[PDB]
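Structure file target.txt (compact mmCIF, C-alpha atoms) is printed below.
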```
# COMPACT_ATOMS: atom_id res chain seq x y z
CA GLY A 1 -13.25 -278.17 60.20
CA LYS A 2 -13.23 -275.15 57.94
CA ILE A 3 -12.67 -271.51 58.92
CA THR A 4 -11.88 -268.48 56.68
CA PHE A 5 -10.05 -265.40 58.00
CA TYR A 6 -10.48 -262.08 56.18
CA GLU A 7 -8.23 -259.00 56.47
CA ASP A 8 -11.08 -256.45 56.21
CA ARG A 9 -14.52 -256.21 57.77
CA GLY A 10 -17.54 -257.87 56.17
CA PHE A 11 -15.66 -260.71 54.40
CA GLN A 12 -13.66 -258.32 52.24
CA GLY A 13 -10.02 -258.25 51.20
CA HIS A 14 -7.36 -260.95 51.38
CA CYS A 15 -8.42 -264.15 53.07
CA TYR A 16 -7.21 -267.60 54.04
CA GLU A 17 -9.12 -270.83 54.58
CA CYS A 18 -7.81 -273.11 57.34
CA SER A 19 -8.78 -276.70 58.10
CA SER A 20 -6.50 -277.63 60.93
CA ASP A 21 -4.35 -276.35 63.82
CA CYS A 22 -1.96 -273.66 62.60
CA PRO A 23 0.67 -272.24 64.98
CA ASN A 24 1.50 -269.29 62.67
CA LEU A 25 -1.10 -267.76 60.42
CA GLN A 26 0.87 -264.58 59.73
CA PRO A 27 2.39 -265.83 56.41
CA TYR A 28 -1.20 -266.16 55.09
CA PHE A 29 -2.83 -262.86 56.08
CA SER A 30 -1.67 -259.75 57.83
CA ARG A 31 -4.66 -258.90 60.02
CA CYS A 32 -8.16 -260.25 60.66
CA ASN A 33 -11.30 -258.15 60.69
CA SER A 34 -13.92 -260.77 59.84
CA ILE A 35 -14.26 -264.58 59.95
CA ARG A 36 -16.65 -267.19 58.60
CA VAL A 37 -16.60 -270.53 60.45
CA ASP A 38 -18.12 -273.14 58.14
CA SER A 39 -17.52 -276.16 60.43
CA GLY A 40 -15.71 -277.12 63.61
CA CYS A 41 -15.13 -275.47 66.97
CA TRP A 42 -12.06 -273.27 67.03
CA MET A 43 -9.82 -271.44 69.48
CA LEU A 44 -8.17 -268.41 67.89
CA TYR A 45 -5.13 -266.65 69.40
CA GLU A 46 -3.74 -263.11 69.12
CA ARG A 47 -0.14 -264.33 68.82
CA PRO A 48 1.61 -267.26 67.07
CA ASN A 49 2.12 -270.49 68.91
CA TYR A 50 -1.22 -270.25 70.74
CA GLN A 51 -0.50 -267.25 72.96
CA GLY A 52 -2.05 -263.87 73.72
CA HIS A 53 -5.77 -263.31 74.00
CA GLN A 54 -7.80 -266.39 73.03
CA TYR A 55 -11.26 -266.45 71.44
CA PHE A 56 -13.69 -269.36 71.06
CA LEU A 57 -15.69 -269.44 67.82
CA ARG A 58 -18.33 -271.90 66.52
CA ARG A 59 -20.07 -271.99 63.15
CA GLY A 60 -21.33 -268.62 61.99
CA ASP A 61 -20.51 -265.35 60.30
CA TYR A 62 -18.46 -262.74 62.25
CA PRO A 63 -18.34 -259.59 60.08
CA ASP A 64 -16.26 -257.56 62.62
CA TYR A 65 -13.90 -258.62 65.41
CA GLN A 66 -16.33 -257.44 68.17
CA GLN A 67 -18.52 -260.42 67.12
CA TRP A 68 -15.90 -262.77 68.60
CA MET A 69 -15.11 -260.38 71.48
CA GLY A 70 -11.72 -259.68 69.91
CA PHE A 71 -9.30 -257.22 71.46
CA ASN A 72 -8.07 -256.05 68.08
CA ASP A 73 -7.51 -257.36 64.52
CA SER A 74 -4.61 -259.73 65.28
CA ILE A 75 -5.29 -263.47 64.82
CA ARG A 76 -1.96 -265.29 64.42
CA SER A 77 -2.66 -268.90 65.39
CA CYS A 78 -5.66 -271.21 65.72
CA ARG A 79 -6.61 -274.60 67.01
CA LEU A 80 -9.39 -276.82 65.62
CA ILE A 81 -10.65 -278.10 68.97
CA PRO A 82 -11.30 -281.89 68.72
CA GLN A 83 -14.87 -282.80 68.80
CA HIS A 84 -16.14 -284.83 71.74
CA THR A 85 -19.58 -286.29 72.35
CA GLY A 86 -20.99 -287.77 75.55
CA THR A 87 -19.80 -286.64 78.95
CA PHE A 88 -17.59 -283.60 79.44
CA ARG A 89 -16.08 -283.73 82.92
CA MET A 90 -13.60 -281.53 84.82
CA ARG A 91 -12.71 -281.03 88.50
CA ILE A 92 -11.98 -277.63 90.07
CA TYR A 93 -9.92 -277.19 93.27
CA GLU A 94 -9.81 -274.31 95.74
CA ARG A 95 -5.93 -274.37 96.02
CA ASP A 96 -3.20 -275.16 93.55
CA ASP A 97 -1.79 -278.61 93.02
CA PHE A 98 -5.30 -280.18 93.35
CA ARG A 99 -5.72 -279.19 97.01
CA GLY A 100 -8.63 -277.86 99.03
CA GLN A 101 -12.26 -278.78 98.25
CA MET A 102 -12.87 -280.23 94.84
CA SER A 103 -16.07 -279.84 92.80
CA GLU A 104 -16.87 -281.95 89.73
CA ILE A 105 -18.47 -280.13 86.74
CA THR A 106 -20.12 -281.87 83.78
CA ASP A 107 -22.30 -279.10 82.43
CA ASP A 108 -21.90 -275.48 81.29
CA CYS A 109 -21.49 -273.32 84.39
CA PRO A 110 -22.40 -269.68 83.70
CA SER A 111 -21.50 -268.58 87.23
CA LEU A 112 -19.13 -270.35 89.57
CA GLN A 113 -19.97 -267.62 92.13
CA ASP A 114 -23.69 -268.49 92.05
CA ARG A 115 -23.10 -272.26 92.01
CA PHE A 116 -20.12 -272.65 94.34
CA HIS A 117 -19.63 -269.24 96.02
CA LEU A 118 -16.15 -269.15 94.38
CA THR A 119 -14.55 -266.21 92.51
CA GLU A 120 -11.23 -268.05 91.88
CA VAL A 121 -10.12 -271.57 90.97
CA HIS A 122 -6.47 -272.38 91.69
CA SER A 123 -6.02 -275.73 89.91
CA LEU A 124 -8.31 -277.91 87.79
CA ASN A 125 -8.21 -281.35 86.09
CA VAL A 126 -9.98 -281.88 82.72
CA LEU A 127 -10.87 -285.56 82.48
CA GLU A 128 -12.98 -285.64 79.26
CA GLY A 129 -13.84 -283.18 76.47
CA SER A 130 -12.44 -279.73 75.86
CA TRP A 131 -13.82 -276.65 77.68
CA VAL A 132 -13.47 -272.87 77.57
CA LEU A 133 -12.68 -271.19 80.91
CA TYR A 134 -13.76 -267.53 81.24
CA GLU A 135 -12.35 -265.01 83.65
CA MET A 136 -15.84 -263.53 84.42
CA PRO A 137 -19.36 -264.95 84.88
CA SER A 138 -21.62 -265.48 81.92
CA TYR A 139 -18.80 -266.27 79.47
CA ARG A 140 -17.16 -262.87 79.82
CA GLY A 141 -13.62 -261.49 80.17
CA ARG A 142 -10.51 -263.32 79.01
CA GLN A 143 -11.01 -266.81 77.58
CA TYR A 144 -8.76 -269.83 77.99
CA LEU A 145 -9.02 -273.19 76.15
CA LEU A 146 -8.85 -276.20 78.43
CA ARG A 147 -8.10 -279.55 76.65
CA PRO A 148 -7.97 -282.81 78.66
CA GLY A 149 -5.06 -282.63 81.07
CA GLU A 150 -3.89 -281.55 84.51
CA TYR A 151 -3.70 -277.77 85.23
CA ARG A 152 -1.94 -277.60 88.60
CA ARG A 153 -1.93 -273.81 88.62
CA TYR A 154 -3.58 -270.97 86.68
CA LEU A 155 -0.45 -270.34 84.56
CA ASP A 156 -1.03 -273.78 83.03
CA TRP A 157 -4.18 -272.49 81.27
CA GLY A 158 -2.34 -269.27 80.29
CA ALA A 159 -4.17 -266.80 82.60
CA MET A 160 -2.78 -263.76 84.46
CA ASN A 161 -4.85 -264.49 87.60
CA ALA A 162 -6.96 -267.21 89.22
CA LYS A 163 -10.31 -265.49 88.54
CA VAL A 164 -12.70 -268.03 86.99
CA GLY A 165 -16.31 -266.92 86.43
CA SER A 166 -17.75 -269.52 84.02
CA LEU A 167 -16.95 -272.70 82.10
CA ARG A 168 -18.41 -273.77 78.73
CA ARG A 169 -18.10 -277.25 77.13
CA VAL A 170 -16.73 -277.22 73.60
CA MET A 171 -19.74 -278.58 71.74
CA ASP A 172 -20.90 -277.77 68.26
CA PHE A 173 -24.51 -276.38 68.39
CA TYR A 174 -25.55 -279.98 67.37
```

Will you turn the file into structure tokens for me?
Amino acid sequence: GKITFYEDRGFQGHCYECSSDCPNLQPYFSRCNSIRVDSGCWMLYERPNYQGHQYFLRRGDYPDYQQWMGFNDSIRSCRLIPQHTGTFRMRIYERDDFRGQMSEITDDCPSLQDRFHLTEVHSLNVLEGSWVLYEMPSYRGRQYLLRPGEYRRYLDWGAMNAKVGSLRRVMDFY
């Protein structure tokens, strides 16, 4: 994977190229107003150590932070999300601790309200592949990376509430 962070808009100013997870990008650049992703799928974070707002980015040019739905110009850590091919599979539960009715999801789900008549998911289990969970339908609102693992309550995926509108598999366009 290869991503380049630039301090000013339109690929200008001081920059840094990254090829791997980095829990603290602040020693390399002071702010981020544009990004070019050359390869890989990445989760970027507002604060070091993978905290704050998160943003999912795939290959492409992002000449201003609105192109990645950024909240501001702070990008202080990043993960290169490991690539996975074949089946992505997760299970969502109506209550925490894997209780209530469970639904199994293996495709992108742009609206859990349309598909399951749910506005909230209170625990979920990611069996294969990484996913991005979005607070609102249609890949809107706050984003949260989900790697394989148990998430027995919403705090485990870093959210402030249980609202889950859509889920996207982390797949490169090809």

List as JSON lines every residue of segment 11-93 of chain A that is in contact with segment 102-121 of chain A, defined as an atom at most 9 Å from one of its atoms (using all atoms listed in the file), together with the nearest atom pair and the distance in Å rounded to one decimal, sorted by chain and then rising number.
```
{"residue": "A:87", "atom": "CA", "partner": "A:106", "partner_atom": "CA", "distance": 6.8}
{"residue": "A:88", "atom": "CA", "partner": "A:106", "partner_atom": "CA", "distance": 5.3}
{"residue": "A:89", "atom": "CA", "partner": "A:106", "partner_atom": "CA", "distance": 4.5}
{"residue": "A:90", "atom": "CA", "partner": "A:105", "partner_atom": "CA", "distance": 5.4}
{"residue": "A:91", "atom": "CA", "partner": "A:104", "partner_atom": "CA", "distance": 4.4}
{"residue": "A:92", "atom": "CA", "partner": "A:103", "partner_atom": "CA", "distance": 5.4}
{"residue": "A:93", "atom": "CA", "partner": "A:102", "partner_atom": "CA", "distance": 4.5}
```

For residue 9 of chain A, please output as a PyMOL selection string all residues within 12 Å (counting only C-alpha atoms; exclusion window: fewer than 4 positions along the same chain). chain A and resi 5+13-15+31-36+61-67+73

A:134, A:139, A:11, A:68: which is nearest residue 164 of chain A, counting only C-alpha atoms?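 For residue 164 of chain A, the nearest of the candidates is A:134.
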
Hey, which of A:143, A:4, A:130, A:72 ends up closest to residue 28 of chain A? Count all atoms listed in the file.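 So, comparing all the options, the nearest one is A:4.
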
Among listed residues A:125, A:101, A:77, A:161, nearest residue 50 of chain A (using only C-alpha atoms): A:77

So which residues fall inside 10 Å of (-3.5, -277.8, 87.9) if we count all atoms listed in the file? Mind giving them as a PyMOL selection string? chain A and resi 91-93+95-99+121-126+149-157

So what do you get for atom CA of residue 52 of chain A versus atom CA of residue 162 of chain A, distance-wise? 16.6 Å

Between atom CA of residue 158 of chain A and atom CA of residue 51 of chain A - distance in Å to one decimal: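 Pair atom CA of residue 51 of chain A / atom CA of residue 158 of chain A returns 7.8 Å.
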
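When atom CA of residue 135 of chain A is paired with atom CA of residue 26 of chain A, their separation reads 27.3 Å.
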
Point out the residue among A:168, A:79, A:140, A:47 with the least atom-to-atom distance to residue 1 of chain A, counting all atoms listed in the file. A:79

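Minimum atom-to-atom distance to residue 58 of chain A, evaluated using only C-alpha atoms, belongs to A:38 out of A:17, A:38, A:128, A:94.
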
Calculated over all atoms listed in the file, which of the candidates A:54, A:166, A:39, A:30 has the smallest distance to residue 80 of chain A?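 For residue 80 of chain A, the nearest of the given residues is A:39.
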
Place a sphere of radius 7 Å on (-12.2, -273.7, 82.4) in the file coordinates and name every protein, DNA or RNA residue with an atom inside or on its surface, counting only C-alpha atoms; give the answer as a list in words. residues 131, 132, 133, 134, 144, 146 and 167 of chain A

Incomplete segment 149-166 of chain A brought to N, CA and C atoms, written out as a JSON list (two decimals), in the frame of the given file:
```
[["chain", "number", "residue", "atom", "x", "y", "z"],
["A", 149, "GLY", "N", -6.40, -282.77, 80.49],
["A", 149, "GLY", "CA", -5.06, -282.63, 81.07],
["A", 149, "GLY", "C", -5.18, -282.04, 82.48],
["A", 150, "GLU", "N", -4.07, -282.10, 83.17],
["A", 150, "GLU", "CA", -3.89, -281.55, 84.51],
["A", 150, "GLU", "C", -3.48, -280.09, 84.39],
["A", 151, "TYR", "N", -4.10, -279.20, 85.19],
["A", 151, "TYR", "CA", -3.70, -277.77, 85.23],
["A", 151, "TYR", "C", -3.49, -277.45, 86.72],
["A", 152, "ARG", "N", -2.26, -277.65, 87.15],
["A", 152, "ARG", "CA", -1.94, -277.60, 88.60],
["A", 152, "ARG", "C", -1.88, -276.18, 89.11],
["A", 153, "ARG", "N", -1.86, -275.23, 88.21],
["A", 153, "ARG", "CA", -1.93, -273.81, 88.62],
["A", 153, "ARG", "C", -2.45, -272.95, 87.49],
["A", 154, "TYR", "N", -2.90, -271.73, 87.75],
["A", 154, "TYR", "CA", -3.58, -270.97, 86.68],
["A", 154, "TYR", "C", -2.69, -270.69, 85.50],
["A", 155, "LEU", "N", -1.35, -270.63, 85.73],
["A", 155, "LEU", "CA", -0.45, -270.34, 84.56],
["A", 155, "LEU", "C", -0.56, -271.46, 83.54],
["A", 156, "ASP", "N", -0.96, -272.66, 83.99],
["A", 156, "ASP", "CA", -1.03, -273.78, 83.03],
["A", 156, "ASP", "C", -2.14, -273.57, 81.99],
["A", 157, "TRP", "N", -3.18, -272.75, 82.31],
["A", 157, "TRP", "CA", -4.18, -272.49, 81.27],
["A", 157, "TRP", "C", -3.95, -271.11, 80.62],
["A", 158, "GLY", "N", -2.79, -270.49, 80.97],
["A", 158, "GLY", "CA", -2.34, -269.27, 80.29],
["A", 158, "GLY", "C", -2.88, -268.00, 80.93],
["A", 159, "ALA", "N", -3.55, -268.03, 82.05],
["A", 159, "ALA", "CA", -4.17, -266.80, 82.60],
["A", 159, "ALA", "C", -3.16, -265.97, 83.39],
["A", 160, "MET", "N", -3.57, -264.76, 83.67],
["A", 160, "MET", "CA", -2.78, -263.76, 84.46],
["A", 160, "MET", "C", -3.25, -263.77, 85.91],
["A", 161, "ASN", "N", -4.34, -264.43, 86.22],
["A", 161, "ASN", "CA", -4.85, -264.49, 87.60],
["A", 161, "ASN", "C", -5.74, -265.72, 87.71],
["A", 162, "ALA", "N", -6.21, -266.01, 88.90],
["A", 162, "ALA", "CA", -6.96, -267.21, 89.22],
["A", 162, "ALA", "C", -8.46, -266.99, 89.11],
["A", 163, "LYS", "N", -8.87, -265.80, 88.63],
["A", 163, "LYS", "CA", -10.31, -265.49, 88.54],
["A", 163, "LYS", "C", -10.98, -266.44, 87.51],
["A", 164, "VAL", "N", -12.01, -267.13, 88.00],
["A", 164, "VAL", "CA", -12.70, -268.03, 86.99],
["A", 164, "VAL", "C", -14.22, -267.83, 87.25],
["A", 165, "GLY", "N", -14.90, -267.28, 86.29],
["A", 165, "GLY", "CA", -16.31, -266.92, 86.43],
["A", 165, "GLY", "C", -17.22, -267.95, 85.81],
["A", 166, "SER", "N", -16.81, -268.61, 84.72],
["A", 166, "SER", "CA", -17.75, -269.52, 84.02],
["A", 166, "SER", "C", -16.95, -270.50, 83.19]]
```
